[PDB]
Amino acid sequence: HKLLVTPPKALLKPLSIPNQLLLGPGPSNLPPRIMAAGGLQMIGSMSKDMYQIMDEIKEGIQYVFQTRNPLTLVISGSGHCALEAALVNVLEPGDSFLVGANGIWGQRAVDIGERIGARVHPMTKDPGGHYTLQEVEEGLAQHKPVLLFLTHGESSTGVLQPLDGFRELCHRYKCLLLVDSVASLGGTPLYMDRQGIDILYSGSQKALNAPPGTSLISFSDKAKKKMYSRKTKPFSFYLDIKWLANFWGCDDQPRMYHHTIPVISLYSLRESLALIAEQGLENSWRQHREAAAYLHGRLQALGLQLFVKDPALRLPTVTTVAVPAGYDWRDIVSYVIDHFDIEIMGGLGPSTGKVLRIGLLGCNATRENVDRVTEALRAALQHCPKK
């Protein structure tokens, strides 16, 4: 006759969060403007004002992406969710999907495509590698894929993919080009239209400096027809593009209620898109390039090595560093956070326990932080147990 569970003791305490300087593959630290937005009040999830805020965000995504695609919007989910929204709406069960599996992401793409019943063909490759225009034709010819997936910035390996020539190829094969720019957006050159990408998506917590939880996505006219001419209903409802497109003002139809968008998070995505708009896409590109260079020399000076041997393949936003000869990589990471309040990750997926990952994202991609982390790494090398 009573209540099984009583108020949780811990909840009766006040929320207290440590001070952390995040310099890993993400998320990144939030700027005062973004933090301020996140502290504002609610408004109608379907009020004229949300729509404006929503239309402003669309414009921002078209800016950072460099596209005019009417079908551009925010996915109410993390980067992963944007990937599924793309795969589940584009691939019909049995569509033969070509995947560039050179990191954990392509593998994530395979796993998803497999789950949605697509004939998936993985183009494997050890971590650190990228894909030639050549290696892809073989795949395209051997499997006549309807969709091809490519990771622009492998935050998993530190590799940066060249995207040039793929329009060419993909059209020469009637294949849609899907690119992941969660880790590259804002840190290296990218142009949807110019580069012929049919589906582009990115996260909000990387170089954009917004809190995790939302992601950006854009579909070309080509991608559209597919999605809109499908005879099968995509397995997902939450991510159905016809519903999503309409609510975000991409149709000719009035805005229908689908799901309630994350209002507070949109405030912050705005601001973060207005911030990068103030810099200028190209200045942002210099920052990360220049910062990434500084970091590289500084790191090589400490005696460390760069996993990615080719400087032109090095992802500015995320740098992979081979794990030093006699150290337990776990000690180095813990030593950095325990003594410097700084985050740096180890590897992820194929790169697990093979490297350390240091990120330079948005307002954080600075010489200042390159120094701060450079010195935290020294101490760790000096004081961590060595075989």
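Residues carry their position along the shown sequence, with the first being 1.
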{"query": "Average Cα temperature factor in the PDB entry - higher stretch of 62-70, 321-329", "finding": "321-329"}
{"query": "Which of 190-198 and 206-214 has higher mean CA B factor, as the PDB entry lists it", "finding": "190-198"}
{"query": "Per the PDB entry, maximal CA B factor within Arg255, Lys309, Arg108, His152", "finding": "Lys309"}
{"query": "Top residue by Cα temperature factor, when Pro316, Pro262, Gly79, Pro145 are compared in the entry", "finding": "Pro145"}
{"query": "For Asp221, the third of its chain into which the C-alpha B factor falls", "finding": "middle"}
{"query": "Within-chain third of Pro234 by Cα B-factor, per the entry", "finding": "middle"}
{"query": "Ranked C-alpha temperature factor of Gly353 among modelled chain residues, by third", "finding": "highest"}
{"query": "Entry-reported Cα temperature factor of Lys174, expressed as the chain third it lands in", "finding": "highest"}
{"query": "Chain third (lowest, middle, highest) by recorded CA B-factor, residue given as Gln287", "finding": "highest"}
